Amino acid sequence: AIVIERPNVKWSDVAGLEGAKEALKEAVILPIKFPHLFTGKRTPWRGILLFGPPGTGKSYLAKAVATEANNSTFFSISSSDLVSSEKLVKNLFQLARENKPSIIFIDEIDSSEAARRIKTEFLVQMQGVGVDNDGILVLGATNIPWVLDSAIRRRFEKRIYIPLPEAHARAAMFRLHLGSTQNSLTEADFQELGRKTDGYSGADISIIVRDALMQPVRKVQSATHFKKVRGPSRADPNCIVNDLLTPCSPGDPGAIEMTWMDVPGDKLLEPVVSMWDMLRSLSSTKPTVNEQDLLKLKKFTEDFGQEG
């Protein structure tokens, strides 16, 4: 029910968001590193909110904090209206102090029939009518902040906006989603995709990289002809040959009406994800985030901010 990992995500693992990371470092770590610099009339913000465009992968970011922060335990869940009935939250905080340090984290905090059995129980503990909420932080993640009850919303003292990465991260994000796969791409072609537009998110980018990986396969499943070549037999790197058939265009240097159904498991020379592959997969996609879309957030700052 409640995920309970004690993670490992250095700041560096998080692609970029230093402008936020700084914002986080301030609100949390400093208070931690120099406790003798936070008391008297000022207090650390126990509730902090993570908000920005969808697919910006806020989730992950959370863990990075719980890590770079004394190494607190990550108590986390979601708003699948909590396994679509309540006590979960009670034990949640109960555990919180029970194993502090710790970070209560809720991706999808946004959530009619007033089923405040939970809704209030939250603020109640958030308010910590009695038991100590100190040493424990709570984070919220949402793509739509404007849809939360003033109460809920006024709990997270500090609000940090999670922008969209279009920089080096955007790019280096492709290598990441390319994992350990054969590709003809290079660090030249990787920052290239990076600079090649923006308005794209970790999701977005991921989906393209996803289409760009199968590219090689459909070529092979739906290929017109193949051309025999030389090289170690896929079945044995030691057994060089000259019968490996890779796929080729209709009228080419050595084509023959074929299909994988004829090409031998070992006699097949499989293509790797190329740069056109990459590109093309992109040239057929739109950023799931528009300006109007992103403007709908801007609202918040103006009429809210640190709630007040």
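The numbers used for chain A are those of Swiss-Prot, and the residues that appear cover 123-206, 212-238, 248-444, in sequence.
Using the three backbone atoms N, Cα and C, a Cβ is placed for every residue, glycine included.
Per Swiss-Prot, the features are:
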type    : residues                                                       : note
BINDING : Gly174, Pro175, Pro176, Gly177, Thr178, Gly179, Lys180, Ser181 : ATP binding site
MOD_RES : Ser410                                                         : phosphoserine
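With 9 residues not built between them, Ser238 and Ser248 place their Cα atoms 11 angstrom from each other. Neighbour density at the Cβ, taken as the number of other Cβ atoms within 10 Å, is lowest among the binding-site residues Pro175, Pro176, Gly177, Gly179 for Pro176. Note: the CA-CA distance between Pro176 (ATP binding site) and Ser410 (phosphoserine) rounds to 29 Å.
Across the unmodelled stretch of 5 residues from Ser206 to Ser212, the Cα-to-Cα distance comes to 8 Å. According to its DSSP assignment, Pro175 (ATP binding site) is coil. Taking the mean position of the Cβ atoms of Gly174, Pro175, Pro176, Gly177, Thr178, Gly179, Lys180, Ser181 as the ATP site, the remaining residues of that chain whose Cβ falls within 8 Å of it are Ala277, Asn279, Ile298, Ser337, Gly338, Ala339. With every protein chain in view, the residue among the recorded positions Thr178, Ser181, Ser410 whose Cβ has the most Cβ partners within 10 Å turns out to be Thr178. Around the Cβ of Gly174 (ATP binding site), a 10 Å sphere holds 24 further Cβ atoms from the protein chains shown. Within 10 Å of the C-beta atom of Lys180 (ATP binding site) sit 26 other C-beta atoms, taking all shown protein chains into account.
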